Every structure is written in C-alpha cells, then in structure tokens.
Amino acid sequence: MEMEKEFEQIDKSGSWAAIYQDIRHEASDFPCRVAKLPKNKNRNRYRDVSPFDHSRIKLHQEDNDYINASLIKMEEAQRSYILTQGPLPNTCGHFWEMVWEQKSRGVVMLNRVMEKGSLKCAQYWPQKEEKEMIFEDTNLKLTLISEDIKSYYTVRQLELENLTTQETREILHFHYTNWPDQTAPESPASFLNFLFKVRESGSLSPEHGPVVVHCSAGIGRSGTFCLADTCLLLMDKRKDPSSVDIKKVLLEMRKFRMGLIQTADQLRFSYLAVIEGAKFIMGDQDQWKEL
C-alpha cells in the first residue's frame, strides 16, 4: 500500500511532528461567532474548541439553539458523523435533545468519565436499569436497558423517550474504555475491533441519523474514529484503494470541525488503524478479537 510505504518513509525519517504541523497549517479556518457569544460561554468545555458556524448542530429549542457539536459530512464516502464535546453537567439535556432531533441511532464514547484525575465528561447516561434519568429542560427520559461489559469496550442499550410525544427509540451506546490516558493505543487491533462492532450494529447506516461521536474535546480520539472509518470506506468503494490519501481526508474533515487529531501520535495511530484495517476489508477480524 502507498499508505503503508509512505508510513515507513515517515517512520524512518522521524518526521511525524512535521507532517502533523503541515496539516495544522493547511487546515481550514471558519468563523465560530455563535460559539463565542457570552450567553454560550458555559456551554463550551474548552474555550479553544468551538464548532464552525457553518457546520454546527442547531438545537430546535426556541430559546438557545447552541450546542458545541459539528456535522462532518463526507460526500464521497457517503457517511456523516456528529462530533461533539463530552457533555457538561449543564448540557446533558442538550446532548440528548440533539440525539433525538438528529435521529441518531448510536452514540460512540471514546473516553472514560474520569481520566488523569479529572472529569472529562459528565455522567450523562443511567448506570442502573432501575434509576432512569429525566432531563427536565428538554423533556426527555433515558433508561438503561442492558449492558454488555467487555475487556476493552462496553455496549449499552438505552431507551430515549420524548416525554412530550411519548415516542421511544433504542439508542446504542458504544464506549471504548481502553484508550490509554496519555497516549494512543499500542496496537490498533483493539480499536479496529471496536469500530467494526459499531459498524455491525447498524448505527452508521444511512437510514439513521448521523452517529454521535465524542471524547472529551471531540476532536482528538473522535477525529481518529471518523478518520479511520472514512478512509476504510473510501478504500472499499474507490476501484483504486491504493489512492486513499489519509492526509487529504483529514483536511476535508477539518473543513467541518477544527482540530481533528490533536497530536502527531494520534495521526501516526490513524495511519496504523487504516493500514491494519485495510487488510480485512480487502480479503482477510478474527485475530483482532484475540488481542
């Protein structure tokens, strides 16, 4: 693969930090005026991570429509993702409102609630079947239906009810619990197995709304998730799978959300995940589950 042999050329040349920062200099810049309004300051987890006005998810509440979330619309791949920050104590009803209004079927969570001794994310879903959550501001009810806790991830079925209309949807919650606290994983095998469990679930199907993906800021690990999924898709449909330039895909995603892929190490890991993932989607997954 030209991806694989450019990978080695970067590894032998030790120039990941340079490749990465070229990406940072070429990345798009668009205005974020709504994110920056004083009335929205307490709706943002980091003052330096904001959604572009042009691609932001608008809540359909009449008062304040703001939420720190971005629609990543990948035209050629024919896949959309919503990348958002980890909910704040005060934005958990906003988060489920978005899930409801965008008709999402899956929520992908790439961080632990606590990491490096701090809260990266509010406890926004119920932990016991018998103690559901009611979000009074957005009039939503969230019930844990089942958990399947595995080694490196946990899948949850949740029931989201619109208390106004009383419809209910099943939401699948995919929680990658194994990402180290200060580095990308040593092997992409665990991560690729997680991506493919999300794929198999149907939460990425075009019949549903965009999957909601978040980590703490919603740009780093979230960026890795969508970037590797989209490259594997394009490899699957392009007739010339060798032609997928992961850096040109990243810059296209960065038209929709700033800062996707936070470190040169994450960039290196995304290469690995795509390279390793291409080996399944071109002829040969059973050995990822093993390790």
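Within the PDB entry, the label attached to the chain reads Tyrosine-protein phosphatase non-receptor type 1, and the organism entered is Homo sapiens. The title line of the PDB record says "Crystal Structure of the PTP1B YopH WPD loop Chimera 4 apo form". What UniProt states about the chain under its Subunit (literature references left out) heading is, verbatim, "Interacts with EPHA3 (phosphorylated); dephosphorylates EPHA3 and may regulate its trafficking and function. Interacts with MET. Interacts with NCK1." Within the UniProt record for the chain, the comment given under Sequence similarities is "Belongs to the protein-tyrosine phosphatase family. Non-receptor class 1 subfamily."

1. Concerning the pattern of salt bridges
Across all of its chains, the model carries 16 salt bridges by this definition. The salt bridge partner of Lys150 is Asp148, with a shortest N-O separation of 3.7 Å. Under the relative-accessibility criterion, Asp148 is labelled partly exposed at 39%. In this structure, a network of salt bridges that share partners links the residues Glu6, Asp245 and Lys247.

2. Quick notes on the sheet that holds strand 10 (residues 211–214)
Within the open sheet, the eight strands sit side by side as 1-2-10-3-9-8-7-6. Their pairing is mixed. Edge positions in the sheet fall to strand 1 (69–74) and strand 6 (133–135), since each of these pairs with one other strand and no more. Looking at each pair of strands side by side, their axes are set apart by 25° on average, direction ignored. Strand direction decides the pairing type here: strand 1 and strand 2 (residues 79–84), joined by six bridges, are antiparallel.

3. Here we look at the pairing of strand 10
Residue alternation in strand 10 divides its side chains into two sets, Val211 and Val213 and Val212 and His214, and both sets are buried. Bridge count for strand 2 against strand 10 is four bridges, and the pairing is parallel. The residue bridging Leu83 from the neighbouring strand is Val213, located in strand 10. Relative to strand 10, strand 3 (residues 106–109) runs parallel, the two sharing three bridges. Within strand 10, the residue paired with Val107 across the bridge is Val212.

4. Focus: the UniProt feature "active site" in the chain
Within this numbering scheme, the UniProt entry marks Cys215 as carrying the feature "active site". In this structure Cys215 comes out as buried when scored by relative accessible area, which is 3%. If we skip the residues at most four places from it in the chain, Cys215 touches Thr84, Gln85, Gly86, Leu110, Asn111, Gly220, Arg221 and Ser222.

5. Thoughts on the UniProt feature "domain: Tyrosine-protein phosphatase" in the chain
Here the UniProt-annotated "domain: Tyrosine-protein phosphatase" positions come out as residues 3–277. Annotated as 32% helix and 20% strand, the span residues 3–277 places its first and last C-alpha atoms 12 Å apart.

6. Here we look at the nonpolar core
Counting residues in each nonpolar core, the largest one holds 64 residues, and the members touching the most others are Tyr81, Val108, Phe194, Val213, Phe225 and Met253. Discounting residues that sit within four places of it in the chain, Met253 has contacts with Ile72, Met74, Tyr81, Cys226, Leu227, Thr230 and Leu260. Residues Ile57, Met109, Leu140 and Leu158 belong to the second largest nonpolar core, which totals 26 residues.

Calculation rules
- Residues numbered from 1 in each chain as written, not as in the entry; some residues may be left out.
- Heavy atoms only, no water.
- Residues with missing side-chain atoms left out of burial classes, pairs and counts.
- UniProt positions renumbered as here; feature names shortened; annotations may be inferred.
- Salt bridge = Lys/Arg side-chain N within 4 Å of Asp/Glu carboxyl O.
- Buried < 20%, exposed > 50% of the residue type's maximum accessible area, 1.4 Å probe, protein only.
- Pairing = 2+ DSSP bridges.
- Helix = DSSP H or I, 4+ residues; strand = E, 2+ residues; numbered from the N terminus.
- Axes fitted to C-alpha atoms, helices over the stretch in contact; angles between N-to-C directions.
- Contact = heavy atoms within 4.5 Å.
- Core = buried A, V, L, I, M, F, W, Y, C linked by side-chain atoms within 4.5 Å.

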